[PDB]
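Next up, structure tokens for two forms of one chain, structure 1 and then structure 2.
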Structure 1
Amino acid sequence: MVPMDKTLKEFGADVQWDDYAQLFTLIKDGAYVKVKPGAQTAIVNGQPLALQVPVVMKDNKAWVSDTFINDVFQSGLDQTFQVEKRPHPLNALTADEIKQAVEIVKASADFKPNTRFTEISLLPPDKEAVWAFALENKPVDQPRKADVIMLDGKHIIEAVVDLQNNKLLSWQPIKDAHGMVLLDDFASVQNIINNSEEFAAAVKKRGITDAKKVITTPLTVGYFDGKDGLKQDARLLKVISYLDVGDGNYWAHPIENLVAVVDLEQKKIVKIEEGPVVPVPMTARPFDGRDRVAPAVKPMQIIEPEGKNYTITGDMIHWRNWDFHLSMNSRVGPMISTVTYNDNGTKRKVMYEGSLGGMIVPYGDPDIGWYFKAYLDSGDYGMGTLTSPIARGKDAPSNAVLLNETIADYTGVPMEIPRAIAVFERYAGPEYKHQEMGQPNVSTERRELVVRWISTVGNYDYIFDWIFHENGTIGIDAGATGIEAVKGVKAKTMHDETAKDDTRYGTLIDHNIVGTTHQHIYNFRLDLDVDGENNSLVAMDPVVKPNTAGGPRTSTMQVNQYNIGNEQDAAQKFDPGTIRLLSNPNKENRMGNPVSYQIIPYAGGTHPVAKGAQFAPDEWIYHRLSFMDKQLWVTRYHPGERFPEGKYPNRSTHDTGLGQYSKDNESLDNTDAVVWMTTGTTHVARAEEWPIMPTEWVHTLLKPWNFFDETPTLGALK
């Protein structure tokens, strides 16, 4: 027997005692338990459970069998999770597979000592086979394969391994390609700066007493055709510094105009750039509440006493008419695959694969410490790897289920991310309503299933929500919070001499602190298969036309409909006033209209909107990352094209992503198309966002358009 409280809260379960009813309510994920002290039985998700040993109260402390948790929580009454007997071909690599894949490449005569692993992911069977498995239960009859991308010092090599037959299929060095930033790179940078007398000297000038309190940040340097004075061959990283004053927020104490260039191979500082001396903002700015007292609040719980409406079999999620596969990737994070909508007993294809394409956060300041900031969070830092475990009840509602996910770290060792993904159902207002006058009301509530993932890179915290509506609609929201990247300035208020110049590229959000303006650009790769593989891109532009039918009206509301036949034409600006559809020219609904899905790149946002890239077309960042200037893109399906910014975005000399994927202007008529949505924000700071940023959101949407023959939620006919 063990103390119930310790044991349970140690298990991650929530414990509630109701003295009035002499009842304990235990909650953890899909399990909702009720147990009375001394009772021979308990209740699990509405179901009675016989107990070997009743709960025991001693000294008014609850005690339970040391087998309690297993007997009750893993009893079987909680059906949230189901056993997967036949593994989905898209299941991410297991811990064993990761270790097996590493062995295979390490057994090769070519494997160099100290080699690192930028990414170890599943090399998936072909699309056709996967769909056949999901739709016809046909086995892929294939061997598990893995892509093993390594970083030999600074050299990239791509290998492919065959896990079943445990053999190396290929070993290909990738010329000119720079590797992404790995964990250890962060330590080297701090160490190299720590051992540099020069740097300590530069730091000395700028008023810094203890060079040991200096906190560094490793930043990608981009590419400027040589204008930045950096050689293209060398694996580089720029270093921005802050002074640790003990407030837990070194971001609030920038050391302006001091930039160091570090060569990770030579393990040394190869260039120190010094600008005018700006006193370090010293005032403590904690964001963790150490200096605060939250106001008392009454409790709020969202409960599901009988369990969840969804079931999770392996990674396969089932919920109402929805069925999809959820996996994890070290680079882009969560991947939603083989998405189908069960249309009255028939599973219809909606999306083969959906995930984050890639993202970028570019700044608008030309000064030495800023002109180069263009963070490619997923491509250069690895968002899946940097996943931030969900804070139960806070980062997600109390009725959510938290999933653990496994990936490989940069040394090839399995890595399990606790509470990596949040799954939860939520009330979203009335689904539909009609109060006919003098008649009984008609109302149904809307239910949405949310798959939430949070990744934190440096000072930024990003939230991604994949929202499944019961009615067939899919929403994709991106929230942004964290700590702002600030610039040290001499003005304390807007009444100071330098205030005018100090705020030229950003707002004065605190004394001597300017939140430099920038943008948040998110790109989503959505391999939509609208009720099938072969689709077409159709445009519907609402227009005002002169009236030719007679009567008092001079004009009418009509629609200019037309096909967009190629990739170049498909790459365009999005007007929320227009309609863009991905149709299946081979299938129609009951009214003769081709079944389709409405693509909405911009469905709102809480920060000013990014019309495009706040960059002149001659800027290198602009050249390299085309996906930034267009909100909508459609390319022919190709398993090798998955990143808007290109596979190897670090110090890239040109566009290897969407710019390249659409480059050949291929046909998009009745063929397998891939939709790419670019949505972003223009961030001009406020005091309300300092020291910590209130979460800002952007919304995207995918609506069924004549995909169904009527209101999808009415239900089956009697």
Structure 2
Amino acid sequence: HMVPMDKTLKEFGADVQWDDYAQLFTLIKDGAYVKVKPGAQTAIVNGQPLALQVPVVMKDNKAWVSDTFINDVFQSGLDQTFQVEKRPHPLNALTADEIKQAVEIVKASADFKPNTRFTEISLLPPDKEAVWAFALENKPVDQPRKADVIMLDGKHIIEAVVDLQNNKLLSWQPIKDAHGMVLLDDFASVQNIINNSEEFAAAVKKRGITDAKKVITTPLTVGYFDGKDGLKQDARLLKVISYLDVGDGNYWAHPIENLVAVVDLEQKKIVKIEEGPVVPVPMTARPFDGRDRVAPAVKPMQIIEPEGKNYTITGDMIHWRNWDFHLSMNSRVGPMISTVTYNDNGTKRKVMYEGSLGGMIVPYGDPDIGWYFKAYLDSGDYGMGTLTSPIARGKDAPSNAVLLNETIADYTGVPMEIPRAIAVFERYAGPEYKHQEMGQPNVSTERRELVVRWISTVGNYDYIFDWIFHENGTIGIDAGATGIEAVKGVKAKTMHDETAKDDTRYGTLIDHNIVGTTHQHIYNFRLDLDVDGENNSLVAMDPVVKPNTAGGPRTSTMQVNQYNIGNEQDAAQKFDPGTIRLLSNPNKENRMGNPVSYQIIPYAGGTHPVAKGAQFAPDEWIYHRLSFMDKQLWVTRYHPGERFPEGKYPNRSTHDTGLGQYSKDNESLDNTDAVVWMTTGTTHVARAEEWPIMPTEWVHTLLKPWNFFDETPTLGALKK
């Protein structure tokens, strides 16, 4: 007995092409490329024949398949993209069971309270060295699996550790002063409290709003202002910004400007209602979903790899040409790329022990009541792994991508499987190199890049991250920003209205009554690079114009200043893209006697204006609290507990406990295990082109092998 091919396969998630002339189906899904003919005894999977007991049936222009077709074909094994792991890698994430076990163990302390929530539950990372010894030497790591369990007990943070090998609780530790991040149920609470507010309904009615049920709230954190905002330092507070729902699916386009509510999550009450001038809510419909648009014709374009992929995913290990690395997922920072090696003619050479997003911030520049505190720390305050956006197959990533699911703990400590959470795809990136000697045959090779892509969405913005592995050893990291703008409601319809000048002082007027408030997007990446080992030094090479001292007619020459950067404080610096910064290994040279190095480029371009530093006066708290914002390059001594640019508990923090703290003591960076931090940002002055939805804007960073090799890396196997 059977079932409709077309519909089952759509559920399952495969693309389905019918070719009437060839009488042939082409089915695609991840590493599987399938061709089958109605009534044929065999199908084709990645070039390999597969026997069907029950062939595909055409019945009045309708295709029908056996109820096991989908397993028989895709589960077949002829799609070799995924292989199962012999020995579980030591950096594999907590599995659902492990998550479930950690939650039971802490629930069995006498201190657990049922209102408790989990801010993060994550592998406590074994020690770098055993991990490397596992990757390179296969030495089993013999210290036992532990998980970090970070709980929010009302407003207090407790950090618990559990040992899962032995099912026991190793530590339980309240963290004084620390506030927890925003959690999912906070969103509901806030909407709820506003809903139950007689007072709030009144503030709202007198700003033109007749149906309060129509008000969409959104929770922001309050930052820290040494009291100027009038808020007690030791309460769990969030500010609530409001929109009117008009039925166009875009409440973001209907700001109720100049109304703020401060909510005490513990009490579950609005403890304050800041109120300013009444600005009429912008009411014109502004859907971004296409509802009011003509869908034009597009000729199809497909990228296909009909014999399967060049990469192999074994458990979480990915192998691709000379690259090997381990890919996993954290609830706070998303993807983590670990134990990365480059296979040099047989021997795997170390490149990066662990790279991931460090943290990010999007701080605005308008002083008015609904804005002066607006600064999202997306990962740290909202948990970016958790808010991963499933990839939209074929659109969010190219049609030849393979899409992975990933499993993290949610806030109540139940596992959640994120479908299509990270995309992996190879892409053609132009010619790897070329020379066309005059009169001679041409020489050209293709360039191929392996991209790992992850998208996370926080309130209005959507961020995309690409980790790009060039065959020739380069590694790129790019962040793209898209979504909907945080807009300010204003009286001016055009720049000709009386108030336009005042309305547009902190942002562009991007639609009638709507201003795109200026702000920055500052990303930072924590790269624990071990260039061919962990003992590294940071080197500077500054191209300079020196006077010619060798005679002949030139007055000047191009020369370099090479010097070492001996310690943390000197390493925290602006990046001038005119200069070269290497992380060299001073114990290891290439065939020419040069320290094998990677070149570190925090700014390799972008589509928005670039952020030169924090767009804040040096006396702003946000400035005081987050130094990572103002240097492009930082290097610190390896420290397992040092992970976040913004610091570990940044909600309403009062000092810098991130990169400022990590480099406070100004330690030696000479010939020692370093961690690199790249900060890169844009400064976003808006324009109509970005409204009601912003075209994706991109920044790029780059890491390039610098005399890490002896020659053109992609020349090929030597046959002599």
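Each residue is numbered by where it sits in the sequence of structure 1, with counting from 1. Rigid core here is just the name for the largest C-alpha set that superposes within 1.5 Å across the two forms.
Superposing the rigid core and comparing between structure 1 and structure 2 gives a CA shift of 0.2 Å at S327. Once the core is aligned between structure 1 and structure 2, the alpha carbon position of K34 differs by 1.2 Å; this is the C-alpha shift at that site.
Core superposition places the Cα of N60 2.9 Å apart between structure 1 and structure 2.
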